[PDB]
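Okay, so here's the structure we're looking at.
Scope of the values below: all heavy atoms of this structure, side chains included, with no hydrogens, waters or symmetry mates. Order of appearance sets the numbers: ligands from 1, and atoms from 1 within every ligand. Below, chains carry the letters A, B, ... as their sequence lines are ordered, and counting in each starts from 1.
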Amino acid sequence: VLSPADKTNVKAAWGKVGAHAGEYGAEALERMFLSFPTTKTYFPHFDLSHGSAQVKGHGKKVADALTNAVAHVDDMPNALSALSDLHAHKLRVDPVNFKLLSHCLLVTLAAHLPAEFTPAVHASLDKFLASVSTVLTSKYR
Amino acid sequence: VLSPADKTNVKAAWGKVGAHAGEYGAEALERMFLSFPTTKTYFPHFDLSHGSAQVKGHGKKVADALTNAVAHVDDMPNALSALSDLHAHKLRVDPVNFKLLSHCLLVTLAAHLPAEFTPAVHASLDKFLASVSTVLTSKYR
Amino acid sequence: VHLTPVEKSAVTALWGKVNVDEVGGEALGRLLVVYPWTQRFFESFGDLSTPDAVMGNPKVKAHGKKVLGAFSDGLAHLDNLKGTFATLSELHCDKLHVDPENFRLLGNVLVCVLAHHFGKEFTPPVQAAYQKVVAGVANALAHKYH
Amino acid sequence: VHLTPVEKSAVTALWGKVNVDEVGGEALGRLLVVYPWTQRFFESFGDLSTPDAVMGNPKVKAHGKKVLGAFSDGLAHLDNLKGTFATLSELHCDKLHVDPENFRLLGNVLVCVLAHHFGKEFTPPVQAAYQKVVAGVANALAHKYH
Ligand code: HEM
Ligand code: HEM
Ligand code: HEM
Ligand code: HEM
């Protein structure tokens with residue numbers, strides 16, 4: 001789990017993203033598809049091109065699913081139940097992919113918020129994503 | 001995160017071990033040092049021989065640390081806070097060692113309780129040990 | 001892999017006593033129940049809703065026999081594992097694109113089935129020998145990645 | 001690793017703009033802060049109680065320079081990474097016995113430091129060119145493991 005200081009360091013880092021959630025979430029998604037092309041096989045119904053309003057439209061829902069996860073962090077299994085029903089139960093996503101997106105999500109935030117990306121916040125954000133990943137990769141019916 | 005079904009499965013399977021906690025925990029500990037000789041480097045103040053009342057005495061504390069963890073499951077970061085201060089804070093253990101011991105713990109019970117080791121219970125036990133491994137490797141100060 | 005003769009004899013003796021039908025199917029069957037994300041690769045298999053349905057699936061049972069056979073061929077060539085699974089590597093790596101951790105997971109789930117099957121007879125030194133075998137099979141199956 | 005001419009040129013130019021003093025130490029330091037357990041291999045370094053202390057550690061800053069130098073040597077030999085890091089593999093695997101997952105983690109933390117330093121300049125395909133390099137350096141540093 002996460003330290004109380006981690007719960008704060010995510011809230012104040014993600015609370016510096018702004019309405020830039022989709023832009024960042026789109027960058028994260030684009031960085032993943034480009035760097036690790038196997039993650040593309042999860043989206044055959046997707047236009048995986050540059051600028052794609054589908055990918056830029058996913059990164060919104062994705063970066064907004066991550067927002068309610070930052071809200072009620074100490075209630076992650078209950079709050080992400082529909083997302084877990086999708087990822088764990090329906091999609092059956094390999095957790096390595098979750099590590100790939102989590103990494104790209106950190107490269108994005110480091111590219112865009114260099115001041116909010118302190119060695120301590122990197123750690124907190126990585127712990128947070130690891131936890132979101134755990135809740136989304138597990139079947140807790 | 002564990003399914004409510006998993007929490008019961010672990011209680012009924014680990015609740016079939018009996019006073020053989022120290023025996024199993026010893027075997028798991030032994031199987032680990034034997035199969036993965038690197039886990040030995042964490043115990044230089046130990047007699048890592050067969051039969052050794054130290055290793056057989058460690059497997060007691062270990063399998064007993066696992067017993068209170070199964071008790072108050074839905075409180076595992078609060079419960080194992082001293083163990084976390086040890087494994088995570090003091091000893092600084094690479095979580096691979098935790099995947100390894102967890103593997104050995106599954107082999108031990110597989111060998112000793114073959115009936116209680118259904119594919120459903122294996123999954124439940126692998127999720128529990130993974131959850132315990134997380135807690136012990138994480139600094140939630 | 002290079003293991004000591006006592007361990008090399010111990011694995012062959014243990015493997016000789018193995019059930020060459022329902023072990024591989026139990027190994028591939030527990031892979032899908034414990035690691036659900038791997039069911040995604042076996043869509044051409046049908047009905048994997050309950051563990052009782054994953055194990056009790058003729059497709060899983062039959063495919064597992066060929067998986068166990070790959071391991072049997074692997075125990076025969078511990079000098080050259082990398083060449084025995086060279087075409088199997090090409091299949092899982094370059095054509096199926098299965099993440100290599102899953103190879104460690106099936107190898108370790110075989111070790112969990114053997115412990116189940118043999119009980120007291122799968123002693124700590126027999127596991128240590130088998131861990132060397134499944135690691136080398138996982139190293140050979142993930143060769144077209146390094 | 002084999003990469004396309006455009007990507008080979010894009011990494012050389014980005015690396016050609018790297019801070020050869022404070023990047024490797026930021027890469028090595030962040031490893032110790034994000035993945036604490038790694039501090040256990042660096043007891044001969046002293047004081048790593050706070051991130052500020054881990055980064056503001058002259059030993060970490062010094063060693064990290066020799067790590068970035070190993071990476072700079074790897075970008076020079078992308079045809080034979082396996083032989084450039086063979087002796088380095090012998091060191092980390094056969095003598096230091098470091099778990100190879102931590103080689104994936106250091107390389108992925110170098111990618112986070114270049115993202116931190118270059119910003120918009122560290123574009124998605126530049127990263128994609130660097131992810132190929134760090135994984136290859138991680139496949140070459142974990143060579144005496146397969
Ligand atoms: C940081 C973790 C992630 C979050 C927060 C997340 C969130 C979401 C959300 C919100 C949806 C769309 C459903 C909706 O409208 O709410 C979704 C769909 C999906 N996710 Fe994730 N996801 C994450 C990571 C991943 C990863 C790493 C993969 C696989 C590489 C993945 C694959 C998919 C796929 C294939 C869909 C299809 C559904 C659709 O077409 O919208 N997700 N995800
Ligand atoms: C199921 C996993 C684990 C549990 C429940 C656990 C539990 C324990 C317990 C209860 C102690 C002794 C302190 C006490 O309570 O009196 C301990 C100590 C220790 N553990 Fe673990 N441990 C686990 C896994 C590991 C692993 C995988 C390693 C590393 C290979 C590890 C390394 C150590 C070491 C080196 C000590 C030193 C302290 C002593 O000598 O007792 N532990 N562990
Ligand atoms: C390291 C252990 C493994 C061995 C020795 C192995 C061996 C094999 C062999 C021999 C085949 C059959 C080739 C034929 O049909 O002629 C096969 C097929 C296949 N393997 Fe593996 N495999 C292993 C692990 C995996 C893993 C970890 C996965 C994925 C979770 C996987 C997925 C598949 C799939 C999808 C097929 C084709 C079956 C279909 O039609 O869906 N294998 N494997
Ligand atoms: C993949 C990136 C890595 C590279 C290129 C690398 C490179 C190096 C180099 C060049 C040295 C210096 C050897 C000398 O002094 O002659 C070294 C030493 C060392 N490396 Fe690495 N290394 C890597 C990853 C790791 C990791 C992941 C760890 C540990 C978590 C590690 C732990 C060490 C330690 C402990 C030393 C000796 C310093 C000491 O404690 O006295 N290395 N490494």
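- Atom 40 (O) of ligand 1 has its closest protein heavy atom at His45(A) NE2, 2.7 Å.
- Of the polar atoms of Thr39(A), none of the N or O atoms is found under 3.5 Å from an N or O of ligand 1, judged by distance alone.
- Of the charged side-chain nitrogens involved, at least one lies within less than 4.0 Å of a carboxylate oxygen, so that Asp6(A) and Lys127(A) count as a salt-bridged pair.
- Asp74(A) and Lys7(A) are joined by a salt bridge, as a carboxylate oxygen and a charged side-chain nitrogen come within less than 4.0 angstrom of each other.
- Between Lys99(A) and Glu101(C) there is no salt bridge, since no side-chain nitrogen of the basic residue lies less than 4.0 Å from a carboxylate oxygen of the acidic one.
- Listed by chain and residue number, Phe103(C), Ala142(C), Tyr145(C) satisfy the side-chain contact (heavy atoms from CB on, under 4.5 Å) test with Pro100(C) (two or more places apart in sequence, or in another chain).
- Taking distances strictly below 2.8 Å, the protein N/O/S atoms close to atom 21 (Fe) of ligand 4 are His92(D) NE2.
- Listed for the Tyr35(D) side chain is no donor-acceptor partner under 3.5 Å among the backbone atoms of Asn102(D).
- For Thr137(B) (side chain) and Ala88(B) (main-chain N/O), no donor-acceptor pair under 3.5 Å exists by modelled atom type.
- Of the candidates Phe42(D), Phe71(D), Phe85(D), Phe103(D), the one placing a heavy atom closest to atom 33 (C) of ligand 4 is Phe42(D).
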Exercise answer: donor-acceptor pairs, residues 64-78 of chain C side-chain atoms, under 3.5 Å, sequence neighbours excluded:
residue	atom	partner	partner atom	Å
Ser72(C)	OG	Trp15(C)	NE1	3.2
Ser72(C)	OG	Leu68(C)	O	2.8
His77(C)	ND1	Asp73(C)	O	2.7

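- Annotation: atom 15 (O) of ligand 1 to nearest protein heavy atom, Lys61(A) CD, 3.6 Å.
- Protein N/O/S atoms closer than 2.8 Å to atom 21 (Fe) of ligand 1: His87(A) NE2.
- Of all atoms in ligand 4, numbered sequentially from 1 with element shown, those under 4.0 Å from a heavy atom of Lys66(D) are 10 (C), 14 (C), 15 (O), 16 (O).
- Those atoms of ligand 4 that come under 4.0 Å of a heavy atom in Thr38(D), given as number and element, are 30 (C).
- Ranked by closest heavy atom to atom 27 (C) of ligand 3, the top entry among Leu110(C), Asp73(C), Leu105(C), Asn102(C) is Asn102(C).
- Remark: side-chain polar atoms of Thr39(B) are not paired, donor with acceptor, to backbone N or O of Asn97(B) under 3.5 angstrom.
- Inter-residue side-chain proximity for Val113(C) and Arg30(C) is flagged as met; some heavy-atom pair is nearer than 4.5 Å.
- With respect to the salt-bridge test (charged N to carboxylate O, under 4.0 angstrom), the residues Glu43(D) and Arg92(B) qualify.
- Only the side chain of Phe45(C) comes within 4.0 Å of ligand 3, judged by heavy-atom distances.
- Each of the atoms 39 (C), 40 (O), 41 (O) of ligand 4 lies under 4.0 Å from some heavy atom of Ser44(D).
- Listed by atom number, the atoms of ligand 1 under 4.0 Å from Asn97(A) heavy atoms are 27 (C), 30 (C).
- Using a 4.5 Å cut-off on side-chain heavy atoms (C-beta onward), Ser84(A) and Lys139(A) make no contact.
- Both tests do not hold together for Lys40(A) against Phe33(A): distance to the six-membered ring centre under 6.0 Å, angle to the ring axis within 45°.
- Between the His122(A) side chain and the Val34(D) main chain, no donor and acceptor come within less than 3.5 Å of each other.
- Between the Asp47(A) side chain and the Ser49(A) main chain, no donor and acceptor come within less than 3.5 Å of each other.
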